[PDB]
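J.: Right, I'll just put the structure down here and ask away after.
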Amino acid sequence: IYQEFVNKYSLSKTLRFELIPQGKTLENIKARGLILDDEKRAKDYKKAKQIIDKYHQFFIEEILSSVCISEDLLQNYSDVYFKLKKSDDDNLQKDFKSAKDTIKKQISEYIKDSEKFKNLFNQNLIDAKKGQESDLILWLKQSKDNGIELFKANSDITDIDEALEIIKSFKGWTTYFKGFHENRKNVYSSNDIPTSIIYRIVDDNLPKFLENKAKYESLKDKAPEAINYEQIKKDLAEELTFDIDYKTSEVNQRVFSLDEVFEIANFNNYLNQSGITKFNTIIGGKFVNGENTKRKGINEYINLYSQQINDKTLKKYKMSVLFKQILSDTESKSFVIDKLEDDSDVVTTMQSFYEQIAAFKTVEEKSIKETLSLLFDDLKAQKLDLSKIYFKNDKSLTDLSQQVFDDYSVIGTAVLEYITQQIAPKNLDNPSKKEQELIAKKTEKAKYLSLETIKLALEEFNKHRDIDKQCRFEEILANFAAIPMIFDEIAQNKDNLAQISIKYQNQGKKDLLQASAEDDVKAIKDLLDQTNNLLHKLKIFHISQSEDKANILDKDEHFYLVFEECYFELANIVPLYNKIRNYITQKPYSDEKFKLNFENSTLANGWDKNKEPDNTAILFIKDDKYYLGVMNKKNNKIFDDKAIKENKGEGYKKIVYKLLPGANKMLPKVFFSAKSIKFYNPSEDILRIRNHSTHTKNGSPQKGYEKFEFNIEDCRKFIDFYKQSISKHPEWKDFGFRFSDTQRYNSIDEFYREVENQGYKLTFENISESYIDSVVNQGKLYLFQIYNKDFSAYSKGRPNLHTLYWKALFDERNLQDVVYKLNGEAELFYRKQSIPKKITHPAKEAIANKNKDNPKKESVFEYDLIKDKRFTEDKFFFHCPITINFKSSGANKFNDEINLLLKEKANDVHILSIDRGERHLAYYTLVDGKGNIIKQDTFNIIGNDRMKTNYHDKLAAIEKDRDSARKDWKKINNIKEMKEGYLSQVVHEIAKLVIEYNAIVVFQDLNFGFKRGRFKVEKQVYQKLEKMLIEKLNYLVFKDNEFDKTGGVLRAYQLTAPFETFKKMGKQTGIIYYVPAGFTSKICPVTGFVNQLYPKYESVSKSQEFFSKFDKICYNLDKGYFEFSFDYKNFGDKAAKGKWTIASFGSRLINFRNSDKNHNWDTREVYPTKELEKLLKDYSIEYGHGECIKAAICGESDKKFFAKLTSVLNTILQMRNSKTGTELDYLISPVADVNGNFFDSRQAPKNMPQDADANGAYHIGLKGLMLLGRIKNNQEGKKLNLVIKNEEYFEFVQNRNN
RNA sequence: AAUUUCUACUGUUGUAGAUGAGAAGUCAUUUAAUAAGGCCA
DNA sequence: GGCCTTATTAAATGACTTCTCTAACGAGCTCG
DNA sequence: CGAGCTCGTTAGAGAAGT
Ligand SMILES: [Mg+2]
Ligand SMILES: [Mg+2]
Ligand SMILES: [Mg+2]
Ligand SMILES: [Mg+2]
């Protein structure tokens, strides 16, 4: 089993705890004000990360725009990029790695050739030194305040007179930023990290520009349509300026053209953010002010030719927009809307609109309401001619169809039955071989279908109706007579909300977005949608000024000096509905769990004894209780070597901590020091090895020297030379190494570990209890208690894991050989109060339970039970890192150790396998090493202890609440915590099965192209069961198992590779194999049949060729069902060997019919056998003899016959069915090669799948079962072939039992 | 309806499982409004 | 009355990929 | 005008890898 597989690689956690202020430390903290001046150092510290990240926005516009013109190296990259995608053994990446790095070393040459890069990451930024004004407060002071710039106009920072004060108040707090200046050494890294601006250009925006021009010279090919470069280039001209061409020299302000935009030499203008919001506006498009329509772009002009002209494959020249530049305040060029700030807008902006609608009198003396009851009433008495009245055949007409007529296809199929008889004769002049498109035939797409073409065409529509009183023109004509009644539903609903537009008329309230207004937003929202939906019923008469070539439609008489004057006021629900929707939908700002300083920039950066007057944080132990003492700033030497001797008594075991961090960085820090090199005495040759870097393979040389070779002829150099004195330091003589010895020791990596593996000492020194209480009462120590609900007295049973780790830091089983090394840089926090004090369950009165299996219905409870006591209290927290498996950290070549484990521990290893999705969120199936499954249950109902709750319906209830919250502007409730708490039940249920049944759990692949658009489902546990199973078998401790035994707390299970990324993961994360998607669910389990046919009814003549390919299509005399018994060798794409005998004995099912419109409303049911006997009754083909009846089927040609028999073959092949109840939708197998009795999974035994989704996990665990067959026979061909192609997969499934 | 935190609980000032935190950056998605379009037994 | 496409804007959530898990020396400093 | 003092800084291996 997995029992020799503990202590494999180091890890890290962060144990959280509460800190209870003991004694009068809470009296001392709140006396000075060490929390009231600490929410002013996380609210006034994130301001100084928005001032330093705005000096990086006047350095990232100088490292990419003003310099960095990487010319003609681009073509050397582009030649080896497109060539690389075809085929590559080992050569095409040699030039590709060279062409990648050579572009980077010109971007990262202005890294080390600028003045603003050394004085950017240290003290010289904020406050440099006495006598020097520092480069960030110099950049802000004279260049901005005395210059002309106001660039703090978009923040919570007011101006720049105030923004110097945030920076200057961190004087002395420069090492507080040492984790922020390591996130700005990542923006400029010349390495393969995605935070870098040299990865954003070379590995994001450049290959997304090579394929962005390879899909444009293939767009001049195959498609020269009317893309914008015919006349329409007044639109995208302000974003085609490009003040310097990069095929030639400078050109002042000429408008570029699309030929010299996708030139490879002009990528060097697509570097900064001002030239990516000037390239995505090419591809995307933009809106303007005083607009009529949209200014389109190349990925929109391809849409209007792809679908509008033909049936298409031109969608796949969809050109990507380029990713933004790191740290960049992006621009739009697309009219961002003037978003509002508080609640005094939403009841004044919304209030001033309906003041202007209901109380507007024109210069022609009318109102908006009494000129649709007066002007659309003139449509009844025909006072206006019905030919200058125009609909708009895009959607407002077809929306008017199934609003008046209860059918969409009335006005559509009444001009269809009018254009074929009136404007066209019965001569049938070119029906198909003509235009039939938007140019000559569809003259009403962009143009306006007249009501004169509706008046005497609906009158012609009723000439062939069934009943007499049917749909005709005066029902359309009287709807718009009833449209100014919605004018009276608004402005009476607005007078209805006169009492809730006054409970929010106060500036800066910001309360409509609270959940206390969740039922009053509903009154504000549904007053907008009585105006939004009103102005989709006047979007039928709208003349959009997009005038075509002299095709001015004649329409003037009292219908557009009237309608477009009153539609012009009511069209302001573009700037009313979105200034409000974007304000309500935002979450309200919760309070912060800010970080505790106690006036110390290095608070608990280290626990070491030598640094405690600098760190000021000590740990204690008193009777299995743990204590956090934080010394005062002023009184920091109150635990020195003197005060422990004068107070050595009985009580708090104070913790003595010894640490040697970074033996690469530390042993040549003190030995080769510029203070005490004379004491360690390096020889004449050691002092140049640290210069020439001979002791390293790839280590840096000291300045002014050159890297020599590690192991040319001196691999045995450092053994007898570079090993001098660790046992001469005053403190560090505690090690006892496994010294070099010329035979027993490799390179300098294996010494700097054995320093750090042994450079950790934890010892205990008693302090008398009367002294600790004396400094706490005085003000010289802030003692807290590290409290975790298992350190309480009432802890009956098993504790947590983040308690059973913390007890195991300070143990004595631990410190014999350290597994649980405590770390530094721990954080202290203070979460304020969130939930109010409402008791809701008072004393001693009974409370009804929530379990029907529970042999109890009430509970007494002498004490109260407030709702959330976590959040009714102002708490102190303590995030504390650990470094589990400390002296073992080999995290490399992990997966070959498992593939050598499973090569020996085969025939005893089972295959867990999980299907994600919606019908089952997960579905394990413990398939053993022969196929015959053992356990099988959904992970929908989980928690087998005493509850058995159903999270599949809990998560679906959040989806239907989240999606309702988005569409009702309610608060979107976070589904990730319910899903984290659901999966914790699953993972533990997995983790028990991994050890009890020896699993090698295998998922479906789900390439990231799938799961991006599978985020439509919100209950789906894609990416999330696997990420919470890799990091949960990285360290798998069993609370039942004995402390220091195999799966215990010291020795715990490590069964995944260390989770670095998914990118360098592949298809083996330890034991978490992946298998690729497709053809897992649709397979008969007992035989192995698949859906390798695809009838679609393309033509009629080749349909005769389709049903001639079968071997025989016969009725069975002996039993009574049809057969389509064939072989697949006589078919097109990929022949799978096997003679299939598919049948129609099983009664198949649901075909997904459609009631009024399409896309999966309802279901059906049809039997296959009794559907084609009807078809052998409609035609003269008989079947009583029982032989080959193939030739009779191919003879009788019909439009009906070969469009129906394929649609029955698209139903016998449909195996996943069995709706109408949605109760474990089973499978029917056609072939059944065993005895002819089919596989119907309702009547399935224990060791077969039970529904359709149990057949996915039976085959994810079956293509993942031949992974375990390769590994069982794997050898010196170490190229581990985990990728499978379904040519042997289909071979292995079918030939299983044999 | 009690938690370092989350989920389910009453298991009785708690019970069972899980818990890698901080910071920075980006990306993906959903919904809505808008724009131009396509299709339907 | 539905479904889908290409975009743009705004709001949300979810989730990826990087850095760190540090004691000791040396300026730089106030003080004498 | 050197005493320590005290915070910003400095020291700077090594291996696998859609
Ligand atoms: Mg440039
Ligand atoms: Mg316990
Ligand atoms: Mg527990
Ligand atoms: Mg709960």
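Just so you know, the numbers here start at 1 and follow the chain as drawn.
According to its header, the structure was obtained by electron microscopy, 3.3 Å.
The backbone N, Cα and C atoms fix where each Cβ goes, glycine too.
As annotated in Swiss-Prot:
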type   : residues    : note
REGION : A:324-327   : region 'Binds crRNA in crRNA-target DNA heteroduplex'
REGION : A:536-539   : region 'Binds crRNA in crRNA-target DNA heteroduplex'
REGION : A:590-660   : region 'Wedge region 2'
REGION : A:669-675   : region 'Binds DNA protospacer adjacent motif (PAM) on target DNA'
REGION : A:761-890   : region 'Wedge region 3'
REGION : A:1253-1298 : region 'RuvC-III'
SITE   : A:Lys129    : site 'Binds target strand DNA'
SITE   : A:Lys318    : site 'Binds DNA in crRNA-target DNA heteroduplex'
SITE   : A:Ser332    : site 'Binds DNA in crRNA-target DNA heteroduplex'
SITE   : A:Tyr408    : site 'Caps the crRNA-target DNA heteroduplex'
SITE   : A:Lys587    : site 'Binds DNA in crRNA-target DNA heteroduplex'
SITE   : A:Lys611    : site 'Binds DNA protospacer adjacent motif (PAM)'
SITE   : A:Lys665    : site 'Binds Target strand DNA'
SITE   : A:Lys669    : site 'Binds PAM'
SITE   : A:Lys821    : site 'Binds Target strand DNA'
SITE   : A:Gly824    : site 'Binds Target strand DNA'
SITE   : A:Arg831    : site 'Binds crRNA'
SITE   : A:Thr1061   : site 'Binds DNA in crRNA-target DNA heteroduplex'
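Could you tell me the structural context for the features on the list?
T.: With a threshold of 8 Å between CB atoms, the same-chain residues lying at least 6 positions outside the region 'Binds crRNA in crRNA-target DNA heteroduplex' (A:324-327) that come near it are 53, 56-57, 60, 64, 187, 195-197, 200, 271-273, 276.
Outside the region 'Binds crRNA in crRNA-target DNA heteroduplex' (A:536-539) by six or more residues, the chain places 392, 396, 399-400, 480, 483, 486, 563, 567, 570 with a CB less than 8 A from a CB of the stretch.
With a cut-off of 8 Å between CB atoms and residues at least 6 apart in sequence, the same chain places A:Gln123 near A:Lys129 (site 'Binds target strand DNA'), listed in sequence order.
In sequence order, A:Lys215, A:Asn299, A:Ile302 make up the list of same-chain residues 6 or more apart from A:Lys318 (site 'Binds DNA in crRNA-target DNA heteroduplex') whose Cβ falls under 8 Å from its Cβ.
A:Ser332 (site 'Binds DNA in crRNA-target DNA heteroduplex') falls within neither a helix nor a strand when secondary structure is assigned with DSSP, and so counts as coil.
For A:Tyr408 (site 'Caps the crRNA-target DNA heteroduplex'), the same-chain residues lying six or more positions away in sequence with a CB closer than 8 A to its CB are A:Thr398, A:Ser401, A:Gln402, A:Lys1157.
Note: A:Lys587 (site 'Binds DNA in crRNA-target DNA heteroduplex') has non-local neighbours A:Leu513, A:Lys971, A:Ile972, i.e. same-chain residues 6+ apart with C-beta under 8 A of its own C-beta. DSSP assigns A:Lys587 (site 'Binds DNA in crRNA-target DNA heteroduplex') to coil in the three-state reduction, placing it in neither a helix nor a strand.
Secondary structure from DSSP puts A:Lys611 (site 'Binds DNA protospacer adjacent motif (PAM)') in a helix.
For the recorded site, A:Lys665 (site 'Binds Target strand DNA'), the DSSP three-state label reads helix. Counting every protein chain shown, the number of other Cβ atoms lying within 10 Å of the Cβ of A:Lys665 (site 'Binds Target strand DNA') is 9.
If you take the C-beta of A:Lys669 (site 'Binds PAM') and look for same-chain residues 6 or more apart in sequence within under 8 angstroms, you find none.
For A:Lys821 (site 'Binds Target strand DNA'), the same-chain residues lying six or more positions away in sequence with a CB closer than 8 A to its CB are A:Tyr760, A:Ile882, A:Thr883, A:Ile884, A:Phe886.
The secondary structure of A:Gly824 (site 'Binds Target strand DNA'), as reduced to three states from DSSP, is coil rather than helix or strand.
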J.: For a three-state summary based on DSSP, what are the helix, strand and coil counts in the region 'Binds crRNA in crRNA-target DNA heteroduplex' (A:536-539)?
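T.: Per-class counts: 1 helix, 0 strand, 3 coil.
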J.: Hey, how far is A:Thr1061 (site 'Binds DNA in crRNA-target DNA heteroduplex') from A:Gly824 (site 'Binds Target strand DNA'), Cα to Cα, in Å?
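T.: Spelling it out, the Cα of A:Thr1061 (site 'Binds DNA in crRNA-target DNA heteroduplex') and the Cα of A:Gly824 (site 'Binds Target strand DNA') are 25 Å apart.
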J.: Work through the recorded sites one by one (A:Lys611, A:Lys665, A:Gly824, A:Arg831) and name whichever has its CA nearest to the CA of A:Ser332 (site 'Binds DNA in crRNA-target DNA heteroduplex').
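T.: Sorting the recorded sites by distance from A:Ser332 (site 'Binds DNA in crRNA-target DNA heteroduplex'), the top entry is A:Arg831.
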J.: Least buried of the recorded sites A:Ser332, A:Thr1061, going by other Cβ atoms within 10 Å?
T.: A:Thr1061
J.: Restricting to the recorded sites A:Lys611, A:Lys665, A:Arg831, which ones have a CA within 10 Å of the CA of A:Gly824 (site 'Binds Target strand DNA')?
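T.: Checking each Cα against A:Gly824 (site 'Binds Target strand DNA'), there are no hits.
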J.: Can you work out which residues elsewhere in the same chain, 6+ from the ends of the region 'Binds DNA protospacer adjacent motif (PAM) on target DNA' (A:669-675), have a Cβ less than 8 Å from its Cβ atoms?
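T.: Same-chain residues near the region 'Binds DNA protospacer adjacent motif (PAM) on target DNA' (A:669-675) but 6 or more away: 682, 687, 690, 724-725, 729.
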J.: Across all chains shown, how many C-beta atoms besides its own are within 10 angstroms of the C-beta of A:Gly824 (site 'Binds Target strand DNA')?
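T.: Looking across every protein chain shown, the total is 18.
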J.: Do any residues at least six apart in sequence from A:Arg831 (site 'Binds crRNA'), in the same chain, have a Cβ closer than 8 Å to its Cβ, and if so which, in order?
T.: A:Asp591, A:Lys593, A:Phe871, A:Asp874, A:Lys875, A:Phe877
J.: Cα-Cα separation of A:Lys665 (site 'Binds Target strand DNA') and A:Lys611 (site 'Binds DNA protospacer adjacent motif (PAM)'), in Å?
T.: 18
J.: In DSSP terms, helix, strand or coil for A:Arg831 (site 'Binds crRNA')?
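T.: DSSP call for A:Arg831 (site 'Binds crRNA'): strand.
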J.: Count the other Cβ atoms sitting within 10 Å of the Cβ of A:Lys611 (site 'Binds DNA protospacer adjacent motif (PAM)'), across every protein chain shown.
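T.: Taking every protein chain into account, the count is 17.
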